[PDB]
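The next block holds one structure in the form of structure tokens; read it before the comments.
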Amino acid sequence: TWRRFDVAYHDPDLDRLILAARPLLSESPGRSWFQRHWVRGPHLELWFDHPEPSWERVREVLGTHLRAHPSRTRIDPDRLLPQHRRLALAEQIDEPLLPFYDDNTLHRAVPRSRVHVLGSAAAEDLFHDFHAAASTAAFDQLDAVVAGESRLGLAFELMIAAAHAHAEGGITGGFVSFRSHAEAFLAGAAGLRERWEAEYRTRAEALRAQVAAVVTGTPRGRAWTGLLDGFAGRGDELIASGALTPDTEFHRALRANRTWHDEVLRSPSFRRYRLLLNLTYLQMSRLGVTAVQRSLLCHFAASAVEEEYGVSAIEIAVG
Ligand SMILES: NCc1nc(-c2nc(-c3nc(-c4nc(C(=O)O)cs4)ccc3-c3nc(C(=O)O)cs3)cs2)cs1
């Protein structure tokens with residue numbers, strides 16, 4: 001059902017290349033979407049379930065761009081291969097990892113299946129529907145970033161909006177997830193945590209204001225939560241049928257808290273929230289936000305909500 005094209009582009013800043021692809025994902029019927037990926041080296045993937053654009057049309061648009069604005073980053077294959085072998089085990093990727101693509105090249109590629117990770121073809125199809133809708137939204141987000149808006153700031157707004165609209169209890173409920181994710185990432189890194197805290201202090205006033213603005217309602221926040229709304233029903237149904245599948249002070253506390261077990265973890269509302277937050281994190285990846293940066297945002301979001309509302313995620317976890 002799907003066609004895939006890989007654009008090998010070794011500079012981590014894909015944003016202009018993505019914007020050049022906008023007509024290909026905007027001009028013909030069918031679902032189309034893009035993501036960033038690492039197999040055979042850094043590359044952009046374009047996915048289509050209908051027969052247009054053709055390979056020839058894809059080359060007409062993106063060949064022109066690669067010749068005008070080529071990547072000048074050089075990969076280090078010797079260091080990348082072992083990293084990719086580990087990623088492949090972790091992400092359950094069975095595709096060949098070699099040879100690495102040459103920089104600034106276009107390829108047809110074989111679409112991969114994620115059923116074994118997501119739980120069913122129906123769950124995979126729902127993620128494809130999300131990607132199709134979200135990729136359209138991403139072009140406007142990336143136009144803003146290229147134009148000079150803060151990438152992390154746009155992502156922060158998506159996260160706050162998702163927690164306020166889609167968590168039970170709104171922002172002062174959903175923010176506990178942000179702490180959880182930051183503390184799981186940090187895995188005992190006191191020195192990194194202190195660096196994050198010190199940067200957060202410089203940002204606090206602006207970040208608290210952004211939290212209050214998003215909670216009041218912003219056009220971007222409402223647009224993102226509107227998009228997420230489209231997946232809530234089907235998501236609840238796949239979660240309920242089974243079709244959609246840390247040693248830290250915080251997580252130790254949580255594991256001893258019976259409300260976590262009985263009213264949070266197993267609740268359909270938390271499962272739904274967590275699905276829609278995970279879709280938000282996928283969007284952040286599409287927008288070029290790395291795993292460390294997503295985890296920093298989680299730290300900043302939790303800290304901002306705590307300061308604005310005078311609440312404490314660790315106190316909630318302890319119970
Ligand atoms: N002493 C009794 C109590 N314990 C709790 C707890 N709530 C949580 C909680 N945890 C996560 C978490 N998310 C993660 C994650 O990894 O995503 C871990 S904990 C997300 C959200 C909540 C809350 N929901 C609400 C709501 O009003 O509905 C408020 S706080 C953990 S213990 C509430 S009252």
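Chain lettering (A, B, ...) mirrors the order of the structure tokens, residue numbering begins at 1 for each chain separately, and ligand numbering begins at 1 in order of display.
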Would you give me, as CSV, each residue of chain A having an atom within 10 Å of an atom of ligand 1, along with its shortest atom pair and that distance in Å to one decimal, using only C-alpha atoms and all ligand atoms and sorting by chain and residue number?
residue,atom,partner,partner_atom_place_in_ligand_line,distance
A:163,CA,ligand 1,21 (C),9.4
A:167,CA,ligand 1,28 (O),6.9
A:168,CA,ligand 1,28 (O),4.2
A:169,CA,ligand 1,27 (O),3.9
A:170,CA,ligand 1,27 (O),7.3
A:171,CA,ligand 1,29 (C),8.9
A:172,CA,ligand 1,29 (C),6.4
A:173,CA,ligand 1,29 (C),3.7
A:174,CA,ligand 1,21 (C),4.8
A:175,CA,ligand 1,21 (C),6.7
A:176,CA,ligand 1,20 (C),4.7
A:177,CA,ligand 1,13 (N),3.5
A:178,CA,ligand 1,17 (O),6.9
A:179,CA,ligand 1,14 (C),7.7
A:180,CA,ligand 1,16 (O),4.7
A:181,CA,ligand 1,16 (O),5.6
A:182,CA,ligand 1,16 (O),9.1
A:183,CA,ligand 1,16 (O),9.3
A:184,CA,ligand 1,16 (O),8.2
A:250,CA,ligand 1,19 (S),8.7
A:251,CA,ligand 1,18 (C),7.7
A:253,CA,ligand 1,32 (S),8.7
A:254,CA,ligand 1,32 (S),6.1
A:255,CA,ligand 1,32 (S),8.9
A:256,CA,ligand 1,32 (S),9.3
A:257,CA,ligand 1,32 (S),6.2
A:258,CA,ligand 1,4 (N),7.5
A:259,CA,ligand 1,4 (N),4.9
A:260,CA,ligand 1,32 (S),4.4
A:261,CA,ligand 1,32 (S),8.1
A:262,CA,ligand 1,32 (S),9.6
A:263,CA,ligand 1,6 (C),7.9
A:264,CA,ligand 1,9 (C),6.0
A:265,CA,ligand 1,12 (C),7.5
A:267,CA,ligand 1,28 (O),9.7
A:269,CA,ligand 1,28 (O),8.5
A:270,CA,ligand 1,20 (C),7.1
A:271,CA,ligand 1,17 (O),9.1
A:273,CA,ligand 1,20 (C),8.8
A:274,CA,ligand 1,17 (O),6.3
A:275,CA,ligand 1,17 (O),9.8
A:277,CA,ligand 1,17 (O),8.7
A:278,CA,ligand 1,17 (O),9.5
A:312,CA,ligand 1,30 (S),9.6
A:313,CA,ligand 1,30 (S),7.6
A:314,CA,ligand 1,31 (C),8.8
A:315,CA,ligand 1,1 (N),8.3
A:316,CA,ligand 1,5 (C),5.3
A:317,CA,ligand 1,32 (S),4.3
A:318,CA,ligand 1,1 (N),6.8
A:319,CA,ligand 1,1 (N),3.2
Segment 110-156 of chain A near segment 81-101 of chain A within 9 Å: what's each residue's closest atom pair and its distance in Å to one decimal, counting only C-alpha atoms, ordered by chain then ascending residue number, as CSV?
residue,atom,partner,partner_atom,distance
A:112,CA,A:95,CA,8.0
A:114,CA,A:92,CA,8.7
A:116,CA,A:92,CA,8.4
A:117,CA,A:92,CA,7.7
Sel. of helix (DSSP H, G or I) residues, segment 136-294 of chain A, as a ChimeraX atom specification: /A:136-147,151-166,171-186,190-216,219-241,249-255,258-265,268-286,291-294
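Residues within 9 Å of residue 52 of chain A, counting only C-alpha atoms and excluding same-chain residues fewer than 2 positions away, are residues 24, 27, 28, 29, 30, 48, 49, 50, 54, 55 and 57 of chain A.
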Prev. selection, C-alpha atoms, output as an mmCIF file, in the first residue's frame:
data_model
loop_
_atom_site.group_PDB
_atom_site.id
_atom_site.type_symbol
_atom_site.label_atom_id
_atom_site.label_comp_id
_atom_site.auth_asym_id
_atom_site.auth_seq_id
_atom_site.Cartn_x
_atom_site.Cartn_y
_atom_site.Cartn_z
ATOM 1 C CA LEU A 24 5.089 16.860 -3.096
ATOM 2 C CA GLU A 27 -0.494 18.597 -4.480
ATOM 3 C CA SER A 28 -2.052 15.124 -4.931
ATOM 4 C CA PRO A 29 -4.686 12.917 -3.306
ATOM 5 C CA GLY A 30 -3.818 10.231 -0.752
ATOM 6 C CA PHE A 48 2.815 8.055 0.127
ATOM 7 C CA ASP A 49 -0.172 5.659 -0.131
ATOM 8 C CA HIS A 50 -1.248 6.862 -3.600
ATOM 9 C CA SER A 54 5.898 9.732 -9.075
ATOM 10 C CA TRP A 55 9.611 9.149 -8.685
ATOM 11 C CA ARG A 57 8.148 14.253 -9.918
#
Give me the segment 68-180 of chain A side of the contact with segment 224-233 of chain A, cut-off 9 Å, one line per residue showing its nearest atom pair and distance in Å at one decimal, counting only C-alpha atoms, sorted by chain and residue number, as a Markdown table.
| residue | atom | partner | partner_atom | distance |
| --- | --- | --- | --- | --- |
| A:126 | CA | A:231 | CA | 7.6 |
| A:129 | CA | A:231 | CA | 8.6 |
| A:130 | CA | A:231 | CA | 7.4 |
| A:133 | CA | A:227 | CA | 7.6 |
| A:134 | CA | A:227 | CA | 7.7 |
| A:137 | CA | A:224 | CA | 8.4 |
| A:158 | CA | A:224 | CA | 6.5 |
| A:161 | CA | A:225 | CA | 6.5 |
| A:162 | CA | A:225 | CA | 6.0 |
| A:165 | CA | A:225 | CA | 6.6 |
| A:166 | CA | A:225 | CA | 7.8 |
Residues from the last selection, N, CA, C and O atoms, saved as a PDB file, in the first residue's frame:
ATOM      1  N   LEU A 126      -3.415   3.890  12.325  1.00  0.00           N
ATOM      2  CA  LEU A 126      -3.737   5.093  13.087  1.00  0.00           C
ATOM      3  C   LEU A 126      -2.532   6.043  13.203  1.00  0.00           C
ATOM      4  O   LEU A 126      -2.670   7.252  13.076  1.00  0.00           O
ATOM      5  N   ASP A 129      -2.169   7.766   9.929  1.00  0.00           N
ATOM      6  CA  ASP A 129      -3.165   8.845   9.841  1.00  0.00           C
ATOM      7  C   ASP A 129      -2.635  10.053  10.610  1.00  0.00           C
ATOM      8  O   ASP A 129      -2.757  11.196  10.155  1.00  0.00           O
ATOM      9  N   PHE A 130      -2.098   9.822  11.821  1.00  0.00           N
ATOM     10  CA  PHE A 130      -1.493  10.937  12.579  1.00  0.00           C
ATOM     11  C   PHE A 130      -0.359  11.574  11.784  1.00  0.00           C
ATOM     12  O   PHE A 130      -0.286  12.819  11.645  1.00  0.00           O
ATOM     13  N   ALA A 133      -1.714  13.857   8.941  1.00  0.00           N
ATOM     14  CA  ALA A 133      -2.212  15.140   9.424  1.00  0.00           C
ATOM     15  C   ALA A 133      -1.146  16.068  10.003  1.00  0.00           C
ATOM     16  O   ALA A 133      -1.123  17.331   9.755  1.00  0.00           O
ATOM     17  N   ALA A 134      -0.274  15.483  10.825  1.00  0.00           N
ATOM     18  CA  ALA A 134       0.772  16.192  11.513  1.00  0.00           C
ATOM     19  C   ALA A 134       1.851  16.671  10.571  1.00  0.00           C
ATOM     20  O   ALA A 134       2.473  17.708  10.831  1.00  0.00           O
ATOM     21  N   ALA A 137       0.795  20.011   9.298  1.00  0.00           N
ATOM     22  CA  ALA A 137       1.030  21.023  10.355  1.00  0.00           C
ATOM     23  C   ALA A 137       2.490  21.389  10.516  1.00  0.00           C
ATOM     24  O   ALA A 137       2.841  22.557  10.794  1.00  0.00           O
ATOM     25  N   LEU A 158       3.416  23.034  22.242  1.00  0.00           N
ATOM     26  CA  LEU A 158       2.671  21.770  21.910  1.00  0.00           C
ATOM     27  C   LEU A 158       2.493  20.910  23.146  1.00  0.00           C
ATOM     28  O   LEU A 158       1.436  20.338  23.348  1.00  0.00           O
ATOM     29  N   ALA A 161       0.058  22.518  25.727  1.00  0.00           N
ATOM     30  CA  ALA A 161      -1.314  22.402  25.197  1.00  0.00           C
ATOM     31  C   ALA A 161      -1.850  20.962  25.356  1.00  0.00           C
ATOM     32  O   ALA A 161      -3.008  20.744  25.765  1.00  0.00           O
ATOM     33  N   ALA A 162      -1.024  19.987  25.031  1.00  0.00           N
ATOM     34  CA  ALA A 162      -1.423  18.608  25.110  1.00  0.00           C
ATOM     35  C   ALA A 162      -1.748  18.260  26.531  1.00  0.00           C
ATOM     36  O   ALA A 162      -2.799  17.579  26.764  1.00  0.00           O
ATOM     37  N   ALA A 165      -5.198  20.156  27.632  1.00  0.00           N
ATOM     38  CA  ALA A 165      -6.414  19.741  26.918  1.00  0.00           C
ATOM     39  C   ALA A 165      -6.707  18.275  27.122  1.00  0.00           C
ATOM     40  O   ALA A 165      -7.870  17.886  27.168  1.00  0.00           O
ATOM     41  N   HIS A 166      -5.679  17.411  27.233  1.00  0.00           N
ATOM     42  CA  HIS A 166      -5.848  15.987  27.140  1.00  0.00           C
ATOM     43  C   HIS A 166      -5.489  15.177  28.384  1.00  0.00           C
ATOM     44  O   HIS A 166      -5.739  13.976  28.409  1.00  0.00           O
TER      45      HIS A 166
END
Residues flagged strand (DSSP E) by DSSP in segment 16-212 of chain A, as a ChimeraX atom specification: /A:32-37,43-48,105-109
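Candidate residues A:187, A:26, A:18, A:31 were compared for distance to residue 249 of chain A, and the nearest is A:187, using only C-alpha atoms.
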Leaving out residue 46 of chain A and any residue of its chain fewer than 3 positions from it, which residues lie within 10 Å of it when counting only C-alpha atoms, given as a tab-separated table (two decimals) with C-alpha atoms, in the first residue's frame?
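File produced: around-v8.tsv:
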chain	number	residue	atom	x	y	z
A	3	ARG	CA	5.70	4.00	-1.35
A	4	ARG	CA	8.84	5.42	0.35
A	5	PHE	CA	11.61	7.78	-0.82
A	6	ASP	CA	14.81	8.48	1.15
A	7	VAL	CA	16.70	11.74	0.76
A	18	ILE	CA	11.73	19.62	4.22
A	21	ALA	CA	9.34	18.93	-0.28
A	24	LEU	CA	5.09	16.86	-3.10
A	25	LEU	CA	2.98	16.36	0.08
A	32	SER	CA	1.51	11.55	2.62
A	33	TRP	CA	3.94	12.10	5.43
A	34	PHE	CA	7.58	12.62	6.32
A	35	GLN	CA	9.97	11.73	9.12
A	36	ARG	CA	13.64	11.94	9.95
A	43	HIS	CA	18.03	10.93	5.78
A	58	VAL	CA	10.02	13.67	-6.61
A	108	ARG	CA	13.47	4.70	-3.74
A	109	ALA	CA	13.20	2.57	-0.61
A	111	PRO	CA	8.50	0.82	3.44
Between atom CA of residue 198 of chain A and atom CA of residue 293 of chain A, distance in Å (one decimal): 15.4 Å
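In this comparison, which uses only C-alpha atoms, the residue of A:9, A:290, A:213, A:245 approaching residue 119 of chain A most closely is A:245.
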